[PDB]
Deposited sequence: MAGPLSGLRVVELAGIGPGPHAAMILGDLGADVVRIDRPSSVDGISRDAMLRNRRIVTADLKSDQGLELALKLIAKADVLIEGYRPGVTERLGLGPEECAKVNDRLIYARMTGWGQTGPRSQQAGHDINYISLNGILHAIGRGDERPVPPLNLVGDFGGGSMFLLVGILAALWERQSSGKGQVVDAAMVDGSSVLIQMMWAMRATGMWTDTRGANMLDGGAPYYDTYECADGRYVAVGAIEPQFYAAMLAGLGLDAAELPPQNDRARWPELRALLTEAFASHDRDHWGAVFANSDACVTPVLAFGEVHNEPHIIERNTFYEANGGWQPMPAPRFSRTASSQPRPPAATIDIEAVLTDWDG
């Protein structure tokens, strides 16, 4: 039902960014066929058809290629060379389908000294200054889950690459290869900090900047109940609204942007926030522009009115899952279809005509 209805995607079963990319394509209405090794409880495998094949066997290769001959996009996330050795590399795929967008999802990219090296998110963002910038300044860096390498700088760039290549295809008639490396995507993801560093607006000192926790107006605060609020009152008029809700006199406080006095400012803000519960502040600044919000655990999200009203989540069997994003006014996306039983690869070939 979404805008990608009609798009055919072959996904070679992998882990992390590749399956996430394929999910979003399916989310938006694509026809996604996932080939695995010979009913999943993994909600990420929503919006698929699962088929199986041994790609090291002559029959599996032949069946895979027939599928690929009829697809728009191929997603693979193995080490570079792996698809080549199977006979499913870009040059073999070209011979049967030169309209194909061949999307290669890696951490380190297709070439370079590290291209054959195992790794995970935390490694890809360790090499490009990202990790070093995350966490409190008095302690070692903390990983921002696998949100920045695997997804924000990984699958999301694979998706952009795929969709941009589909635009180009309109006039060239041809596909090509998209090399989406997490080490690259994540760097463009953090381009604002590269831009800020060049102008004296960001330092390499962890935890001492405007957006990393260093600013008392841009951080979390612990409340009376041991729960937290988030404060993001960057603009002076938002900051002023924040001080108001807390019952603090601005004249009695250091100026907002006097970094010399930030520890003094933070102590006053700490004392304020610590005097009531999280839900008290939630109520104080419910409709304000104070940029103060309650910090909800996953298990609490379902109770928040803005989350409910907008149907950001849906109940699948066993728990809430996020609905497709972003939203489309005319070709809206469906509620995702749960994972289903594996189906016969030949049946999909009939459906597609391979």
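Missing from the model, by position in the deposited sequence, are residues 1, 40 to 44.
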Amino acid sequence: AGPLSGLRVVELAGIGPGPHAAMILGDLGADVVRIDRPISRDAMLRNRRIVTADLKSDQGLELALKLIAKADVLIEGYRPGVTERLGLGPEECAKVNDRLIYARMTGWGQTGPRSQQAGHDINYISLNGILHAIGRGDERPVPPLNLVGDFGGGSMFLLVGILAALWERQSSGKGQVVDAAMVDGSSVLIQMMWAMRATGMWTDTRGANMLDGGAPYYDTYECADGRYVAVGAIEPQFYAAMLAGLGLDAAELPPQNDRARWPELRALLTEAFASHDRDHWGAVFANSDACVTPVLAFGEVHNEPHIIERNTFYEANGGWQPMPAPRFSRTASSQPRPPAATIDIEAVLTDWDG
From here on, numbers count along this sequence of modelled residues.
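So that the term is clear: the rigid core is the largest set of C-alpha atoms that superpose within 1.5 Å between two forms.
Across the superposed structures in 4 other deposited structures of this protein, aligned by the core, the stretch whose Cα atoms lie more distant on average is 281 to 289, chosen from 281 to 289 and 23 to 31. The question of which stretch, 219 to 227 or 87 to 95, has the higher mean Cα B factor is settled in favour of 87 to 95.
For the pair 39 to 47 and 296 to 304, the mean B factor over Cα atoms is greater in 39 to 47. Set against one another, the Cα B-factors of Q237, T203, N128, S171 in the record reach their highest point at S171. The deposited CA B-factor of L163 belongs to the middle third of values across its chain.
When the modelled residues of the chain are ordered by their C-alpha B factor, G175 lands in the highest third. In the PDB entry, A195 places in the lowest third of its chain by CA B-factor. Compared with the other modelled residues of the chain, the Cα B-factor recorded for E252 ranks in the highest third. Remark: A71 belongs to the highest third of its chain, ranked by C-alpha B-factor as recorded.
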